[PDB]
Structures are given as C-alpha cells and as structure tokens.
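This is structure10.cif (mmCIF, N, CA and C atoms and all ligand atoms).
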```cif
data_entry
#
loop_
_atom_site.label_atom_id
_atom_site.label_comp_id
_atom_site.auth_asym_id
_atom_site.auth_seq_id
_atom_site.Cartn_x
_atom_site.Cartn_y
_atom_site.Cartn_z
N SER W 1 7.33 10.91 -2.60
CA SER W 1 6.77 11.23 -3.89
C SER W 1 6.05 9.99 -4.45
N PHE W 2 4.93 10.20 -5.10
CA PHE W 2 4.26 9.11 -5.78
C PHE W 2 3.38 9.75 -6.85
N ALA W 3 3.60 9.37 -8.10
CA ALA W 3 2.92 10.08 -9.18
C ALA W 3 1.43 10.14 -8.94
N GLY W 4 0.82 11.30 -9.17
CA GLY W 4 -0.56 11.54 -8.99
C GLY W 4 -0.97 12.09 -7.62
N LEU W 6 -0.09 11.94 -6.64
CA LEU W 6 -0.32 12.40 -5.28
C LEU W 6 0.53 13.60 -5.04
N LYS W 7 0.16 14.38 -4.02
CA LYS W 7 0.96 15.57 -3.64
C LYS W 7 2.13 15.15 -2.77
N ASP W 8 3.33 15.64 -3.11
CA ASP W 8 4.50 15.30 -2.36
C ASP W 8 4.34 15.57 -0.85
N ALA W 9 3.72 16.74 -0.51
CA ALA W 9 3.63 17.07 0.89
C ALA W 9 2.74 16.05 1.62
N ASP W 10 1.71 15.54 0.96
CA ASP W 10 0.84 14.53 1.59
C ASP W 10 1.61 13.22 1.80
N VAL W 11 2.39 12.83 0.79
CA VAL W 11 3.19 11.62 0.92
C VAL W 11 4.18 11.76 2.09
N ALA W 12 4.87 12.91 2.11
CA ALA W 12 5.85 13.11 3.17
C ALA W 12 5.19 13.13 4.55
N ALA W 13 3.98 13.72 4.64
CA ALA W 13 3.28 13.73 5.93
C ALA W 13 2.85 12.32 6.32
N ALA W 14 2.38 11.52 5.38
CA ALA W 14 1.97 10.19 5.68
C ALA W 14 3.13 9.34 6.18
N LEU W 15 4.31 9.53 5.54
CA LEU W 15 5.49 8.82 5.99
C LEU W 15 5.90 9.26 7.38
N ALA W 16 5.84 10.55 7.68
CA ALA W 16 6.16 11.02 9.03
C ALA W 16 5.18 10.41 10.06
N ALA W 17 3.91 10.28 9.68
CA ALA W 17 2.91 9.82 10.63
C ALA W 17 3.10 8.36 11.03
N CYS W 18 3.83 7.59 10.22
CA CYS W 18 4.14 6.18 10.57
C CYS W 18 5.60 5.96 10.82
N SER W 19 6.33 7.00 11.24
CA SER W 19 7.74 6.87 11.46
C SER W 19 8.11 5.86 12.54
N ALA W 20 7.32 5.72 13.59
CA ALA W 20 7.59 4.77 14.64
C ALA W 20 7.19 3.37 14.22
N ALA W 21 8.06 2.39 14.52
CA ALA W 21 7.73 0.99 14.25
C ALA W 21 6.44 0.65 14.99
N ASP W 22 5.56 -0.08 14.30
CA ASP W 22 4.27 -0.56 14.75
C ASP W 22 3.21 0.52 14.80
N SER W 23 3.51 1.72 14.27
CA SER W 23 2.49 2.77 14.13
C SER W 23 1.81 2.81 12.78
N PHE W 24 2.27 2.03 11.81
CA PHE W 24 1.64 2.07 10.49
C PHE W 24 0.26 1.50 10.59
N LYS W 25 -0.69 2.18 9.95
CA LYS W 25 -2.09 1.73 9.81
C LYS W 25 -2.41 1.96 8.35
N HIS W 26 -2.48 0.90 7.54
CA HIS W 26 -2.61 1.08 6.10
C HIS W 26 -3.79 1.94 5.72
N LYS W 27 -4.95 1.79 6.37
CA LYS W 27 -6.09 2.60 5.96
C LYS W 27 -5.86 4.08 6.30
N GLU W 28 -5.16 4.36 7.40
CA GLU W 28 -4.82 5.74 7.70
C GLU W 28 -3.82 6.31 6.67
N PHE W 29 -2.83 5.49 6.30
CA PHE W 29 -1.87 5.92 5.30
C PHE W 29 -2.59 6.23 3.98
N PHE W 30 -3.49 5.35 3.55
CA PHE W 30 -4.14 5.58 2.26
C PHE W 30 -4.95 6.88 2.30
N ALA W 31 -5.55 7.24 3.42
CA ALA W 31 -6.25 8.52 3.51
C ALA W 31 -5.27 9.67 3.46
N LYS W 32 -4.23 9.62 4.30
CA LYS W 32 -3.31 10.76 4.43
C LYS W 32 -2.59 11.04 3.14
N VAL W 33 -2.20 9.99 2.41
CA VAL W 33 -1.44 10.29 1.19
C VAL W 33 -2.32 10.70 0.02
N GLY W 34 -3.63 10.55 0.17
CA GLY W 34 -4.60 10.99 -0.83
C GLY W 34 -5.16 9.89 -1.68
N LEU W 35 -4.77 8.65 -1.52
CA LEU W 35 -5.27 7.56 -2.35
C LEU W 35 -6.76 7.26 -2.10
N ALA W 36 -7.20 7.39 -0.86
CA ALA W 36 -8.61 7.14 -0.58
C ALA W 36 -9.54 8.12 -1.34
N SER W 37 -9.05 9.28 -1.73
CA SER W 37 -9.79 10.31 -2.45
C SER W 37 -9.63 10.20 -3.95
N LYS W 38 -8.76 9.29 -4.45
CA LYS W 38 -8.58 9.08 -5.88
C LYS W 38 -9.69 8.26 -6.47
N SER W 39 -9.91 8.45 -7.79
CA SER W 39 -10.80 7.63 -8.55
C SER W 39 -10.35 6.16 -8.53
N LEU W 40 -11.29 5.27 -8.82
CA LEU W 40 -10.92 3.86 -8.98
C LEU W 40 -9.85 3.67 -10.04
N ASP W 41 -9.96 4.35 -11.16
CA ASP W 41 -8.92 4.24 -12.19
C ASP W 41 -7.53 4.52 -11.64
N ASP W 42 -7.43 5.60 -10.90
CA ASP W 42 -6.17 6.02 -10.35
C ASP W 42 -5.68 5.09 -9.26
N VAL W 43 -6.60 4.53 -8.47
CA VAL W 43 -6.21 3.56 -7.47
C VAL W 43 -5.63 2.30 -8.14
N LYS W 44 -6.24 1.84 -9.24
CA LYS W 44 -5.71 0.74 -9.99
C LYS W 44 -4.29 1.04 -10.47
N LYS W 45 -4.01 2.25 -10.95
CA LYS W 45 -2.66 2.55 -11.38
C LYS W 45 -1.67 2.35 -10.24
N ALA W 46 -2.05 2.78 -9.04
CA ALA W 46 -1.16 2.63 -7.90
C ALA W 46 -0.87 1.18 -7.58
N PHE W 47 -1.87 0.31 -7.72
CA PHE W 47 -1.64 -1.11 -7.47
C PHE W 47 -0.48 -1.66 -8.27
N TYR W 48 -0.51 -1.35 -9.60
CA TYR W 48 0.48 -1.96 -10.49
C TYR W 48 1.86 -1.45 -10.19
N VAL W 49 2.00 -0.24 -9.67
CA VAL W 49 3.27 0.24 -9.22
C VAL W 49 3.77 -0.54 -8.00
N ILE W 50 2.90 -0.77 -7.00
CA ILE W 50 3.22 -1.45 -5.71
C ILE W 50 3.61 -2.90 -6.00
N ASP W 51 3.01 -3.48 -7.03
CA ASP W 51 3.40 -4.81 -7.54
C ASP W 51 4.73 -4.69 -8.28
N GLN W 52 5.80 -4.64 -7.51
CA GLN W 52 7.12 -4.28 -8.05
C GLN W 52 7.69 -5.31 -9.02
N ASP W 53 7.37 -6.59 -8.80
CA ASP W 53 7.85 -7.63 -9.73
C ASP W 53 6.91 -7.93 -10.88
N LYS W 54 5.82 -7.19 -11.01
CA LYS W 54 4.90 -7.35 -12.15
C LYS W 54 4.32 -8.73 -12.20
N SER W 55 4.07 -9.33 -11.05
CA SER W 55 3.50 -10.63 -11.00
C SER W 55 1.97 -10.61 -11.09
N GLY W 56 1.36 -9.43 -10.96
CA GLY W 56 -0.06 -9.30 -10.92
C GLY W 56 -0.67 -9.31 -9.54
N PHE W 57 0.15 -9.53 -8.52
CA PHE W 57 -0.30 -9.54 -7.13
C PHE W 57 0.72 -8.79 -6.30
N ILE W 58 0.25 -8.18 -5.21
CA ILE W 58 1.14 -7.70 -4.18
C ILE W 58 1.33 -8.84 -3.20
N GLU W 59 2.54 -9.42 -3.21
CA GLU W 59 2.91 -10.48 -2.28
C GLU W 59 3.37 -9.87 -0.96
N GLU W 60 3.56 -10.74 0.04
CA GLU W 60 3.91 -10.24 1.36
C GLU W 60 5.19 -9.45 1.36
N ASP W 61 6.21 -9.86 0.58
CA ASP W 61 7.45 -9.09 0.58
C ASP W 61 7.28 -7.66 0.04
N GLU W 62 6.33 -7.50 -0.91
CA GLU W 62 5.98 -6.17 -1.45
C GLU W 62 5.14 -5.36 -0.47
N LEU W 63 4.36 -6.01 0.40
CA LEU W 63 3.73 -5.32 1.50
C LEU W 63 4.76 -4.86 2.51
N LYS W 64 5.72 -5.74 2.82
CA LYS W 64 6.72 -5.34 3.80
C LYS W 64 7.46 -4.08 3.35
N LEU W 65 7.74 -3.98 2.06
CA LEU W 65 8.46 -2.85 1.49
C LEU W 65 7.56 -1.83 0.83
N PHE W 66 6.27 -1.83 1.22
CA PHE W 66 5.27 -0.94 0.68
C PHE W 66 5.72 0.52 0.69
N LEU W 67 6.28 0.97 1.81
CA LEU W 67 6.62 2.39 1.93
C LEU W 67 7.74 2.81 0.96
N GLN W 68 8.55 1.87 0.50
CA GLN W 68 9.63 2.22 -0.42
C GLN W 68 9.11 2.74 -1.75
N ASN W 69 7.87 2.45 -2.09
CA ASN W 69 7.27 3.01 -3.32
C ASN W 69 7.02 4.50 -3.19
N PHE W 70 6.98 5.01 -1.96
CA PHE W 70 6.74 6.41 -1.66
C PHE W 70 8.02 7.14 -1.34
N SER W 71 9.01 6.49 -0.76
CA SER W 71 10.35 7.02 -0.60
C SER W 71 11.31 5.85 -0.52
N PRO W 72 12.36 5.79 -1.32
CA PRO W 72 13.23 4.60 -1.23
C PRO W 72 13.86 4.38 0.12
N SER W 73 14.06 5.47 0.86
CA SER W 73 14.70 5.39 2.16
C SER W 73 13.71 5.14 3.31
N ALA W 74 12.41 5.02 3.01
CA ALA W 74 11.45 4.71 4.06
C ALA W 74 11.69 3.33 4.66
N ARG W 75 11.22 3.20 5.91
CA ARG W 75 11.42 1.95 6.61
C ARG W 75 10.60 0.80 6.02
N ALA W 76 11.09 -0.40 6.27
CA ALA W 76 10.26 -1.61 6.11
C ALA W 76 9.14 -1.57 7.13
N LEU W 77 8.02 -2.14 6.77
CA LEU W 77 6.99 -2.49 7.76
C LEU W 77 7.54 -3.63 8.63
N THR W 78 7.11 -3.61 9.92
CA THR W 78 7.47 -4.73 10.76
C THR W 78 6.72 -5.97 10.27
N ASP W 79 7.16 -7.15 10.70
CA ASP W 79 6.42 -8.35 10.36
C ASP W 79 4.99 -8.27 10.85
N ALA W 80 4.75 -7.68 12.02
CA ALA W 80 3.40 -7.51 12.52
C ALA W 80 2.56 -6.63 11.61
N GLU W 81 3.10 -5.47 11.21
CA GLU W 81 2.39 -4.57 10.32
C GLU W 81 2.10 -5.24 8.98
N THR W 82 3.08 -5.98 8.47
CA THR W 82 2.94 -6.63 7.18
C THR W 82 1.78 -7.62 7.20
N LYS W 83 1.78 -8.48 8.23
CA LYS W 83 0.73 -9.47 8.33
C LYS W 83 -0.62 -8.89 8.60
N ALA W 84 -0.71 -7.79 9.33
CA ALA W 84 -1.96 -7.15 9.55
C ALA W 84 -2.55 -6.56 8.25
N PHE W 85 -1.66 -5.96 7.45
CA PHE W 85 -2.01 -5.40 6.13
C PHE W 85 -2.58 -6.52 5.26
N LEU W 86 -1.83 -7.64 5.21
CA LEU W 86 -2.26 -8.79 4.40
C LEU W 86 -3.62 -9.28 4.86
N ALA W 87 -3.80 -9.51 6.17
CA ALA W 87 -5.05 -10.10 6.64
C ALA W 87 -6.24 -9.22 6.36
N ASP W 88 -6.04 -7.90 6.49
CA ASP W 88 -7.16 -7.01 6.22
C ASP W 88 -7.57 -6.99 4.77
N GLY W 89 -6.58 -7.09 3.86
CA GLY W 89 -6.87 -6.96 2.46
C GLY W 89 -7.18 -8.23 1.73
N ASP W 90 -6.74 -9.36 2.23
CA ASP W 90 -6.78 -10.62 1.48
C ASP W 90 -8.14 -11.31 1.65
N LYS W 91 -9.15 -10.69 1.02
CA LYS W 91 -10.54 -11.13 1.09
C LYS W 91 -10.80 -12.48 0.48
N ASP W 92 -9.95 -12.96 -0.43
CA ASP W 92 -10.14 -14.27 -1.04
C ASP W 92 -9.20 -15.31 -0.47
N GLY W 93 -8.32 -14.97 0.45
CA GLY W 93 -7.57 -15.95 1.17
C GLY W 93 -6.41 -16.62 0.48
N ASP W 94 -5.97 -16.10 -0.67
CA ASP W 94 -4.89 -16.70 -1.40
C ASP W 94 -3.50 -16.28 -0.95
N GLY W 95 -3.40 -15.48 0.11
CA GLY W 95 -2.12 -15.11 0.66
C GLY W 95 -1.46 -13.92 -0.02
N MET W 96 -2.19 -13.26 -0.91
CA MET W 96 -1.70 -12.16 -1.72
C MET W 96 -2.78 -11.12 -1.88
N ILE W 97 -2.44 -9.96 -2.41
CA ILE W 97 -3.42 -8.90 -2.67
C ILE W 97 -3.51 -8.67 -4.18
N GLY W 98 -4.69 -8.87 -4.75
CA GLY W 98 -4.91 -8.58 -6.17
C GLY W 98 -5.49 -7.15 -6.33
N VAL W 99 -5.66 -6.73 -7.58
CA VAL W 99 -6.01 -5.34 -7.83
C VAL W 99 -7.34 -4.97 -7.22
N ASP W 100 -8.34 -5.85 -7.33
CA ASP W 100 -9.65 -5.53 -6.78
C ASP W 100 -9.61 -5.46 -5.24
N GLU W 101 -8.83 -6.34 -4.62
CA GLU W 101 -8.66 -6.31 -3.18
C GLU W 101 -7.97 -5.03 -2.74
N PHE W 102 -6.99 -4.58 -3.50
CA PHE W 102 -6.29 -3.35 -3.19
C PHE W 102 -7.25 -2.15 -3.25
N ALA W 103 -8.01 -2.09 -4.34
CA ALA W 103 -8.96 -1.01 -4.46
C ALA W 103 -9.99 -1.06 -3.35
N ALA W 104 -10.45 -2.23 -2.96
CA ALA W 104 -11.47 -2.38 -1.92
C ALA W 104 -10.99 -1.84 -0.59
N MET W 105 -9.70 -2.01 -0.25
CA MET W 105 -9.19 -1.50 1.01
C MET W 105 -9.16 0.04 1.02
N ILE W 106 -8.92 0.60 -0.12
CA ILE W 106 -8.71 2.03 -0.25
C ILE W 106 -10.00 2.79 -0.39
N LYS W 107 -10.93 2.20 -1.12
CA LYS W 107 -12.22 2.84 -1.42
C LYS W 107 -13.37 2.37 -0.50
N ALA W 108 -13.03 1.67 0.56
CA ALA W 108 -14.00 1.20 1.52
C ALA W 108 -14.96 2.30 1.99
CA CA W 201 4.17 -8.80 -7.14
CA CA W 202 -6.07 -12.28 -2.21
N LIG W 203 7.14 -11.02 -4.65
#
```
What is this structure when it is put down as structure tokens?
Ligand SMILES: [Ca+2]
Ligand SMILES: [Ca+2]
Ligand SMILES: [N+]
Amino acid sequence: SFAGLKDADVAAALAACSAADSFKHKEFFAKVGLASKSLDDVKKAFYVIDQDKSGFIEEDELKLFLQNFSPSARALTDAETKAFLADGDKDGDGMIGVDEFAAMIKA
C-alpha cells in the first residue's frame, strides 16, 4: 500500500522484485504507478521515502525503500542499494534529493 497508488499495483511490484538482486528501481517505479503520476505527486512520495525528514534519501533509506510500500518487504541488497544511488545521484553528494528523485521517475 502507498497513498495515491493502487494497492494491487504496489503488491504486483513487490512480487516482481521478490528475488534478491532482481530489483530494478525504474521498473518498480513504472509498475507501482509512480512513473505515471504528476510531478506534484512524485514530490509527495519523495518526502515519505525520506523517513527521517532530513530532506534527502540517504543510502540507508534506499536500502529500506521497499518498507515504505510494505513493512514486511525485504531490504534491498547492498548491490541493489548502490546501483539505485549511482543512477539517481546526479550531483554526486552521496544522497538523493527531491529533484533527483523526480528525475529518475519522470525520465
Ligand atoms: Ca532522510
Ligand atoms: Ca544527490
Ligand atoms: N538516514
């Protein structure tokens, strides 16, 4: 479940990455419906994923990204986590800010 998205899409996206090392963030964002959301709505999702309200999604929040969609979902592997970070971190600061998050989703 994730507010604004359809539960069945979220559940399908989680099933599609059930195997370790099968997560592909851009595929997940399409399947769960975020790639089809407005920029406004994508921004709302960022602030939720930023669990500590620091203004950035840090690596630990990427590792636990799926928990925002189901608390019992798996952690991303270290490989998946670092791949997610490298793809999104366009300014190189080691974190994902709101504009970087939207850019990955609305590409
Ligand atoms: Ca944060
Ligand atoms: Ca960054
Ligand atoms: N963090």
With distances taken over only N, CA and C atoms, which residue among W:69, W:9, W:76, W:99 lies nearest residue W:21?
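Among the listed residues, the smallest separation from residue W:21 belongs to W:76.
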TODO: Please identify the residues whose atoms come within 7 Å of ligand CA 202 (chain W), using only C-alpha atoms and all ligand atoms, and report them as a PyMOL selection string.
DONE: chain W and resi 90-98+101
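Relative to atom N of residue W:26, atom CA of residue W:84 is found at 8.3 Å.
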Report as JSON lines the residues of chain W within 8 Å of ligand CA 201 (chain W), each with its shortest atom pair and distance in Å (one decimal), using only C-alpha atoms and all ligand atoms, ordered by chain and increasing residue number.
```
{"residue": "W:50", "atom": "CA", "partner": "W:CA201", "partner_atom": "CA", "distance": 7.5}
{"residue": "W:51", "atom": "CA", "partner": "W:CA201", "partner_atom": "CA", "distance": 4.1}
{"residue": "W:52", "atom": "CA", "partner": "W:CA201", "partner_atom": "CA", "distance": 5.5}
{"residue": "W:53", "atom": "CA", "partner": "W:CA201", "partner_atom": "CA", "distance": 4.6}
{"residue": "W:54", "atom": "CA", "partner": "W:CA201", "partner_atom": "CA", "distance": 5.3}
{"residue": "W:55", "atom": "CA", "partner": "W:CA201", "partner_atom": "CA", "distance": 4.3}
{"residue": "W:56", "atom": "CA", "partner": "W:CA201", "partner_atom": "CA", "distance": 5.7}
{"residue": "W:57", "atom": "CA", "partner": "W:CA201", "partner_atom": "CA", "distance": 4.5}
{"residue": "W:58", "atom": "CA", "partner": "W:CA201", "partner_atom": "CA", "distance": 4.4}
{"residue": "W:59", "atom": "CA", "partner": "W:CA201", "partner_atom": "CA", "distance": 5.3}
{"residue": "W:62", "atom": "CA", "partner": "W:CA201", "partner_atom": "CA", "distance": 6.5}
```
Quick one: write out the picked residues with N, CA and C atoms as a short mmCIF file (atom, residue, chain, number, x, y, z; two decimals), in the frame of the given file?
```cif
data_model
loop_
_atom_site.label_atom_id
_atom_site.label_comp_id
_atom_site.auth_asym_id
_atom_site.auth_seq_id
_atom_site.Cartn_x
_atom_site.Cartn_y
_atom_site.Cartn_z
N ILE W 50 2.90 -0.77 -7.00
CA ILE W 50 3.22 -1.45 -5.71
C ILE W 50 3.61 -2.90 -6.00
N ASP W 51 3.01 -3.48 -7.03
CA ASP W 51 3.40 -4.81 -7.54
C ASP W 51 4.73 -4.69 -8.28
N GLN W 52 5.80 -4.64 -7.51
CA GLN W 52 7.12 -4.28 -8.05
C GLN W 52 7.69 -5.31 -9.02
N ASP W 53 7.37 -6.59 -8.80
CA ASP W 53 7.85 -7.63 -9.73
C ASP W 53 6.91 -7.93 -10.88
N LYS W 54 5.82 -7.19 -11.01
CA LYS W 54 4.90 -7.35 -12.15
C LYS W 54 4.32 -8.73 -12.20
N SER W 55 4.07 -9.33 -11.05
CA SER W 55 3.50 -10.63 -11.00
C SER W 55 1.97 -10.61 -11.09
N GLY W 56 1.36 -9.43 -10.96
CA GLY W 56 -0.06 -9.30 -10.92
C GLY W 56 -0.67 -9.31 -9.54
N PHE W 57 0.15 -9.53 -8.52
CA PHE W 57 -0.30 -9.54 -7.13
C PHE W 57 0.72 -8.79 -6.30
N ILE W 58 0.25 -8.18 -5.21
CA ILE W 58 1.14 -7.70 -4.18
C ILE W 58 1.33 -8.84 -3.20
N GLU W 59 2.54 -9.42 -3.21
CA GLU W 59 2.91 -10.48 -2.28
C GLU W 59 3.37 -9.87 -0.96
N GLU W 62 6.33 -7.50 -0.91
CA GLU W 62 5.98 -6.17 -1.45
C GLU W 62 5.14 -5.36 -0.47
#
```
From the list W:65, W:60, W:27, W:70, which residue is nearest residue W:15 when using only N, CA and C atoms?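 The shortest atom-to-atom distance to residue W:15 comes from W:70.
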- prompt: So how many Å separate atom C of residue W:22 and atom CA of residue W:41, to one decimal?
  reply: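 Between these atoms lies a distance of 29.8 Å.
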Distance atom CA of residue W:13-atom CA of residue W:33, one decimal place?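 Taking atom CA of residue W:13 as the start and atom CA of residue W:33 as the end point, the length is 7.5 Å.
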Next on the checklist: For a quick check of understanding, using only C-alpha atoms, which of W:20, W:105, W:3, W:36 has the smallest distance to residue W:87?
Outcome noted: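 The closest residue to residue W:87 is W:105.
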Among the residues of chain W, find those DSSP assigns to helix (DSSP H, G or I) from the backbone and print them as a ChimeraX atom specification. /W:8-17,26-33,35-37,40-50,60-64,66-69,79-89,99-106
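Distances from W:6, W:17, W:11, W:40 to residue W:103 were compared using only N, CA and C atoms, and the smallest one belongs to W:40.
Here the question is which of W:86, W:61, W:77, W:100 gets nearest to ligand LIG 203 (chain W) using only C-alpha atoms and all ligand atoms, and that residue is W:61.
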Using all atoms of stretch 10-15 of chain W listed in the file and a margin of 6 Å per side, can you give the axis-aligned box centre and edge lengths in Å to one decimal, as JSON?
```
{"center_x": 3.4, "center_y": 12.2, "center_z": 4.1, "size_x": 17.1, "size_y": 18.7, "size_z": 18.6}
```
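Remark: for residue W:79, the closest of the candidate residues W:43, W:24, W:2, W:49 is W:24 (distances computed over only C-alpha atoms).
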